[PDB]
């Protein structure tokens, strides 16, 4: 364990945040993971950082503040937290966020108090959100095996230690830690993901044809679409990885081009429900029927009660042989569950899925063919029996996936 956890640490500061000499790093991490934090701080200074600032998190104590503090302490952000953000901004600090996800960490908390805080914080920390969204500084989101998440992922474990050990093992396996040189393994894997995206971006397929057991579906793609995966580059030219781990290569379909049907292959976790065996039927871009062996009404309510929820906003590729795909585990954490399999999203497209989408207007994205909606629900459809062809503007079929792989 101590050996693997130190390899994890090194992987996060080299491929995740790419610490260089001179750098300031802000690490956001649970007090429960103090051992991983010691290692991250040690590896960060060894790559030359001049300062690592640890912003320690604790679910029990933050829940206390939310229960008891008066609204006046929640909707006013104290000046010292803005000064802290300004220090980080001025030193171009990288943001490494290592999260363990317990979903009922805020049980009993009033939604209005949470919302008041999220609003006041959302405004006061906007300079930090702009810097990270626009990639001015490097940032990575990763995971750590906290007790309450681990009990949720492995509710049948023999004990709490076991639940925790099984979750660490998943994290090490899916982040390539058991490899002899994880740093190298991720450099190589990142270049492969980026060459898939680059290949599909040079193709500019007109449509995608998927066939599998319970699936036959043609989805058209928007003109000037962008496939994204893997890493980014920050404002100083440094290569970084926003997510550890990561597999998918995704774009937006044209929301007014869809015919056929598709069945889900992996449990979907949505609003506290586990939904199984979904089958979606499309005609003219639109969902005309949706069913599930489990959570039927939830799925209907989703599509036939939310604006924009009768169309797709995302199509994503992931080899079936890849590590999350091969786990068979529901993690209830998007970082992992949305890298599990080929998938499609009900609802909103990401703006960056078309060229210059970041600048376009709401009316303009619609024009470009990107779905707008307030919901966005990714559901897995891939398996070792899925085939996919890209369809060129002149109907020529180019094989992309056979039996669930490139």
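Residue numbers count along the first chain shown, from 1.
- Per the PDB record, of the two stretches 28-36 and 360-368, 360-368 carries the greater mean B-factor over its C-alpha atoms.
- Taking the PDB entry as given, 342-350 carries the higher mean Cα B factor of the two stretches 37-45 and 342-350.
- When the C-alpha B factors of 292, 120, 241, 130 are read from the deposited coordinates, the top value falls at 292.
- Across 251, 234, 204, 91, the greatest Cα temperature factor reported in the deposited entry is at 204.
- Sort the modelled residues of the chain by CA B factor and residue 178 lands in the middle third.
- When the modelled residues of the chain are ordered by their C-alpha B factor, residue 13 lands in the lowest third.
- In this PDB entry, residue 391 carries a Cα temperature factor that places it within the highest third of its chain's modelled residues.
- In this PDB entry, residue 95 carries a Cα temperature factor that places it within the lowest third of its chain's modelled residues.
- Placement of the Cα temperature factor of residue 51 within the chain: lowest third of the modelled residues, per the deposited record.
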